[PDB]
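The block underneath contains the structure these notes are about, expressed in C-alpha cells.
Every number for a ligand or one of its atoms is a count from 1 in the order of the listing. Quick note on labels: first sequence line is chain A, next is B, and so on, each numbered from 1.
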There are 2 protein chains.
Amino acid sequence: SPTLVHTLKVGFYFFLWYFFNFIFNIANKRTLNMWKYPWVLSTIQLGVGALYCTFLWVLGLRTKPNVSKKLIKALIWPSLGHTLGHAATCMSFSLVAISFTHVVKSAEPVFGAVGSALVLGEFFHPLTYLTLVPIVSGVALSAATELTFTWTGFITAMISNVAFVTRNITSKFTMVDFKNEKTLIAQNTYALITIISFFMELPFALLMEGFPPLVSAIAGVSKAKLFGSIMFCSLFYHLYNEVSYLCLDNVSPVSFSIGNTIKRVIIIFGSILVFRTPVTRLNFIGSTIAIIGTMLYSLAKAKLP
Amino acid sequence: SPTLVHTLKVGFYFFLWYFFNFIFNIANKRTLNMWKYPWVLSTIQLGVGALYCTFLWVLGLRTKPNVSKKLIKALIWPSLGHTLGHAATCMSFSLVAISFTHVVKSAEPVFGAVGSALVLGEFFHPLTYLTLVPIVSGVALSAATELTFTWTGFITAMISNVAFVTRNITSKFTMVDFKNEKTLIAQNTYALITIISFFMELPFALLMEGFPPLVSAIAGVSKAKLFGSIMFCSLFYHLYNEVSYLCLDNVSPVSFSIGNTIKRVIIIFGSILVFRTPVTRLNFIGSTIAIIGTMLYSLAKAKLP
Ligand SMILES: CCCCCCCC/C=C\CCCCCCCC(=O)OC[C@H](O)CO
Ligand SMILES: CCCCCCCC/C=C\CCCCCCCC(=O)OC[C@H](O)CO
Ligand SMILES: CCCCCCCC/C=C\CCCCCCCC(=O)OC[C@H](O)CO
Ligand SMILES: CCCCCCCC/C=C\CCCCCCCC(=O)OC[C@H](O)CO
Ligand SMILES: CCCCCCCC/C=C\CCCCCCCC(=O)OC[C@H](O)CO
C-alpha cells in the first residue's frame, strides 16, 4: 500500500499542476485580450512570483536556500531556458488561440527525449523515426486548419519547446547535484529561477514595449478589473510552475514533458469550451493525431533498447 | 588500380544516371503540359521500357535472365515500391513545377536511412534529430512559398520517398540473394521490375483515366509530335532507371538515395532554367536549407557511433 499511496501524493502534485495551470491559462488569455503586451505581462508574472517567494523566506514560512556562487552559476542555464520559453509562450498566447499554442507545445517530449539522450549518450531505435510521421503530419494539419494561425504565433510556440526542455534538463542536474543540500527543496530551486528569470527578461520587456498604459482594449472594463486580472493570472502562473517543480523533483525530465503533454490535452479541452473556440473536424483530427504520435514516440523510446 | 578502375566505371554510371534523368525530366514535363494524364503516361513509360528490354533479349543483345518462382516472389515488393513511387511522382510532376517535386524527393536519404537501420537493427545518434530541423523548416518554407503548391502535389511526392526507399532496399536484398545467378545482371533485375510494374499499374491507369485522346492541350502540336514526345520521354525514363540499378548494385541503398539528392540539385537547376520557373528569394532559401539539412543528416548518420 505505501508504494501506491506514495504515488497518490505525487499524483496529487500533478493534479495541482494541472489545476493551477488551467486557472492561469484562462486568466492569462483574458488579460491578453484586454492588454496585449506579452513581454511586460510575462515579466510581471515572473516578478510577482519572485516577490511571493521572498516574502515566504522573510516570514520564515519556507526554508531559506543556502545560496552559493556554485548554485547561482548552476542556475543560469535553467533561468535562460525558463525566460526564453516563458517569453516565447506568452508571445504565442498573444497572437493565436491558446489551444493552438498548446498543440504546438505538445511535441515537447520529442525535444525532451533528444536533449536527454544527447546528454546521457543514448541512441534511438529506428521506430521512433516512424512515430514522427503522425507528429509532423498532425501538427501540419492542425496549423493548416487553425483559424487564428500566424507564422510568428506558431514559431514562438515551437521555440518554447527547445527552451523549456533546456530548462528541465539543466534544472534536473542542479537538483541532483545538490541532493544533499536539504535547504534546496524543489520550491526553492524554482524560486531562485523565477528571481533570476525576472531580471533576465526585464530589460527586453522595457525595450520591446516600454511602460504600457493600464487601459483595457475591451471597452467597459475598468482599470481595477484589468489590474486584478493581471495580478490574478500572475499569482497562478507562479503556483503552477512552483508545483510543477515538485513533479519534476519526482520524475525524469522526459517523464516531466510527458506530464506536460497530458496537461495540454486538459488545457486544450478547457480553453476551447471557455472561449467557444471554433474547431473543425480536420483541425480536431490533426491535433489528435499529433498528440497520439507524441505518446507513441514516447512509448517507442521507452520500450525499445 | 583495380579499385580505382571500378570506382571510375561506377562514377560513369552515376553520370549516365544524371544525364539520362535530366533529359527525361525535361521531356516528361513538356509531355505532361501537352497531355496531362499521369497514370497513363507513367504506365506507358514502364511498358516502353519493358518492350525495350524484350527486344535486347530477343535479338541476343543482352543475356536472358533465368526466371524462377523464387526470383518472381523476390521482385514483387521491389515492383510494388517502384510502381507506387513512379505513379506518385508522375502525379506530382503533373500538378506542380517539377523543381518543387524534386525538392520534396530530396529528403529521400532520410527515409532511406530509417528503412536501412530498421532492417539492420541499427540505432540513431541523437544529433541526427537536430539535422531534421533544417530539413523540416526548409521544406515547409519552400512549400509555403512555392507558387504552384497544391496539397496533392506535395503529398504524392512525399509518398514516393517511402515507395522508392522500399524499392531500393528490397531490390538490394534480391540482388544480394541472387548474386550467384550469373544471368541476373543489374539491368536484368530492373528489366524484370519494369515488366512486373507495367502490369501492376496498367489496370489502375485505365481505371483512373481510361483511354486519353492523343490530343495536345498546347496549340500547334500534331498527334505525331505528341506521340514522339511520349516515346522520347519514355525511352529516357527507362535508360536512367536502368543505369541507376547499375549504381544500386555497387553502392548501399543509403548511398543510392544520397546520389539521388545530388541528382535533384542538377534537375532543379536545369528545370527552373528551361521552364523559366518563378523562384522568389524566400523560396530558394527554403529549398537550399532543406537540401543542406539532408546532406548534414547523412553526414551525421555516417560519421557517428
Ligand atoms: C522522419 C521525419 C518525418 C518524415 C515524415 C513527415 C510527413 C509529413 C508529410 C506531410 C504532412 C502533411 C499532412 C497533411 C496535410 C493536409 C493539409 C490539408 O488537408 O489542408 C486542408 C485545407 O488547408 C483546409 O483549409
Ligand atoms: C518532432 C517535433 C514535432 C514538431 C514539428 C512539427 C512539424 C512542423 C510541421 C509543419 C511546419 C510548418 C507548418 C505548416 C503550416 C502550413 C499551413 C499554413 O501555415 O497556412 C496558414 C496560412 O498562412 C494562414 O491560414
Ligand atoms: C482529458 C484526458 C487527458 C488524458 C490524456 C491521455 C492521453 C490522451 C491522448 C490522446 C487524446 C488527446 C487528443 C485530444 C487533443 C485535443 C484535440 C483538440 O481539441 O484540438 C483543438 C484545436 O487544436 C483547437 O485549436
Ligand atoms: C528534434 C527535432 C525534431 C524535428 C523538429 C522540426 C521543427 C521544425 C518546425 C517548424 C519549422 C517551420 C519553418 C517555417 C518557416 C517560416 C515560414 C514563413 O516564414 O512564411 C513563409 C512565407 O512568408 C509565407 O508567404
Ligand atoms: C524527412 C522529413 C522531410 C519531410 C518534412 C516535411 C515537413 C513539411 C511540413 C508540412 C508540409 C506542409 C507545409 C507547407 C504548407 C504551407 C503551404 C500552404 O498550405 O498553402 C496553402 C495554399 O493552398 C497554397 O498557397
Side-chain angles (χ1 to χ4, degrees), chain A residues 18 96-114 128-129 131-155 157-158 161-162 258-259 261-273 275 277-298, chain B residues 96 100 103-114 128-129 131-155 157-158 161-162 165 286 290 293-294 297:
Chain A
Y18 298 169
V96 303
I98 70 171
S99 50
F100 177 64
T101 304
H102 287 288
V103 164
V104 180
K105 295 167 63 66
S106 78
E108 197 188 285
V110 184
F111 299 85
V114 171
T128 61
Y129 270 93
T131 58
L132 294 182
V133 171
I135 297 182
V136 170
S137 299
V139 179
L141 180 56
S142 176
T145 55
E146 172 56 46
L147 278 79
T148 66
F149 178 94
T150 78
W151 276 110
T152 307
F154 171 74
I155 292 167
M158 190 72 67
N161 286 334
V162 181
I258 298 180
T261 301
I262 293 175
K263 186 189 79 187
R264 315 216 180 272
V265 183
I266 296 175
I267 310 306
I268 286 160
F269 281 172
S271 66
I272 66 176
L273 288 178
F275 295 133
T277 303
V279 181
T280 67
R281 306 173 203 92
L282 276 178
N283 184 255
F284 180 80
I285 289 169
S287 302
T288 302
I289 266 66
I291 291 166
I292 292 175
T294 291
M295 299 308 187
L296 284 176
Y297 177 96
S298 308
Chain B
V96 306
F100 179 65
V103 168
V104 177
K105 291 161 67 59
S106 69
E108 187 183 295
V110 177
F111 298 84
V114 174
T128 65
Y129 272 85
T131 64
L132 292 188
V133 174
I135 298 181
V136 175
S137 303
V139 174
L141 180 57
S142 176
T145 53
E146 171 59 46
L147 287 315
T148 66
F149 176 90
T150 85
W151 279 110
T152 304
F154 173 80
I155 287 160
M158 187 73 60
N161 287 329
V162 176
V165 162
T294 292
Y297 178 96

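- Rounded to the nearest 0.5 angstrom, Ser137(A) OG and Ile155(B) CD1 are separated by 8.0 Å.
- Heavy-atom proximity to atom 8 (C) of ligand 2, evaluated over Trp151(B), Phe154(A), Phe111(A), is greatest for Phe154(A).
- Protein heavy atoms come within 4.0 Å of atom 12 (C) of ligand 3.
- Contact detail for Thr131(A) and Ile135(A): the closest heavy-atom pair is O-CG1, 3.3 Å.
- For atom 19 (O) of ligand 5, the nearest protein heavy atom is under 4.0 Å away.
- Annotation: atom 15 (C) of ligand 2 to nearest protein heavy atom, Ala143(A) CB, 3.6 Å.
- For ligand 3, the atoms lying closer than 4.0 Å to a non-hydrogen atom of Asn283(A) are 22 (C), 23 (O), 24 (C), 25 (O).
- Of all the atoms in ligand 2, the ones that sit under 4.0 Å from a non-hydrogen atom of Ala140(B) are 11 (C), 12 (C).
- For atom 22 (C) of ligand 3, a protein heavy-atom neighbour is present inside the 4.0 Å cut-off.
- Looking at every heavy atom in both residues, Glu108(B) comes nearest to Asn161(B) through CB-OD1, 3.7 Å.
- Inter-residue side-chain proximity for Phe154(B) and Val139(B) is flagged as met; some heavy-atom pair is nearer than 4.5 Å.
- If you check which protein heavy atom lies closest to atom 7 (C) of ligand 5, you get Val136(B) CG1, 3.9 Å.
- Side-chain contact between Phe111(A) and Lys105(A) is absent, with no heavy-atom pair separated by less than 4.5 Å.
- Across all their heavy atoms, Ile272(A) and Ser99(A) have their closest contact at CG2-CB, 3.7 Å.
- At a threshold of 4.5 Å between non-hydrogen side-chain atoms, the residues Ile285(A) and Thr145(A) do not count as touching.
- Taking each heavy atom of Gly112(B) and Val165(B) in turn, the nearest pair found is N-CG2, 3.5 Å.
- Annotation for ligand 3: atoms under 4.0 Å from non-hydrogen atoms of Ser287(A) are 17 (C), 20 (O), 22 (C), 23 (O).
- Evaluated by nearest non-hydrogen atom to atom 6 (C) of ligand 5, the leading choice among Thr148(B), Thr294(B), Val139(B) is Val139(B).
- The aromatic rings of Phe284(A) and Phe269(A) sit parallel to each other, their planes meeting at less than 30°, with 60° as the upper class boundary.
- Close approach to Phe100(A) involves these atoms of ligand 3, each under 4.0 Å from a residue heavy atom: 25 (O).
- For the atom pair CD1 of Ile262(A) and CD1 of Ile291(A), the computed distance is 11.0 Å after rounding to the nearest 0.5 Å.
- Close to ligand 3: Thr288(A), with a non-hydrogen atom less than 4.0 angstrom away.
- The distance from ligand 2 to the heavy atoms of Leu132(A) drops below 4.0 Å at these ligand atoms: 1 (C).
- Atom 24 (C) of ligand 2 has as its closest protein heavy atom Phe149(A) CD2, 4.2 Å.
- With ligand atoms numbered from 1 in the order given, ligand 2 contributes 17 (C) to contacts under 4.0 Å with heavy atoms of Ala144(A).
- For atom 3 (C) of ligand 2, the nearest non-hydrogen atom of the protein is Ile135(A) CG2, 3.6 Å.
- No side-chain donor-acceptor contact under 3.5 Å links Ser142(B) to the backbone of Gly138(B).
- For atom 1 (C) of ligand 5, the closest non-hydrogen atom on the protein side is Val110(B) CG1, 3.6 Å.
- Between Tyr129(A) and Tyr297(B), the ring-plane angle classifies as perpendicular under the 30° and 60° cut-offs.
- Ligand-side atoms of ligand 3 in range of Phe284(A): 17 (C), 18 (C), 19 (O), range being under 4.0 angstrom from any heavy atom.
- The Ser99(A) neighbourhood of ligand 3 comprises atoms 24 (C), 25 (O), with distances under 4.0 Å to a heavy atom of that residue.
- Considering only non-hydrogen protein atoms, atom 2 (C) of ligand 3 sits nearest to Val265(A) CG1, 4.5 Å.
- Put simply, the side chain of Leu132(B) reaches to within 4.5 Å of the side chain of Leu132(A), judged on heavy atoms.
- Of all atoms in ligand 3, numbered sequentially from 1 with element shown, those under 4.0 Å from a heavy atom of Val103(A) are 23 (O).
- Contact record, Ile258(A) with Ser298(A): CD1-CB, 3.8 Å, taken as the closest heavy-atom pair.
- Considering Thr280(A), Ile262(A), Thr261(A) only, the shortest heavy-atom separation from atom 5 (C) of ligand 3 involves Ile262(A).
- The two residues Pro109(A) and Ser106(A) have their closest heavy-atom pair at CD-O, 3.3 Å.
- When only non-hydrogen protein atoms are considered, atom 10 (C) of ligand 3 lies nearest to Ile292(A) CG1, 4.0 Å.
- Only the side chain of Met158(A) comes within 4.0 Å of ligand 2, counting heavy atoms alone; its backbone N, CA, C and O stay farther away.
- Numbered from 1 in the order shown, with element, the atoms of ligand 3 that lie under 4.0 Å from a heavy atom of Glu146(A) read 25 (O).
- Rounding to the nearest 0.5 Å places CD1 of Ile268(A) at 9.5 Å from CD1 of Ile98(A).
- Remark: ligand 3 atoms within the under-4.0 Å shell around heavy atoms of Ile268(A) are 16 (C), 18 (C), 19 (O), 20 (O), 21 (C).
- The single protein non-hydrogen atom nearest to atom 9 (C) of ligand 3 is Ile291(A) CG2, 4.2 Å, given as residue, atom name and distance.
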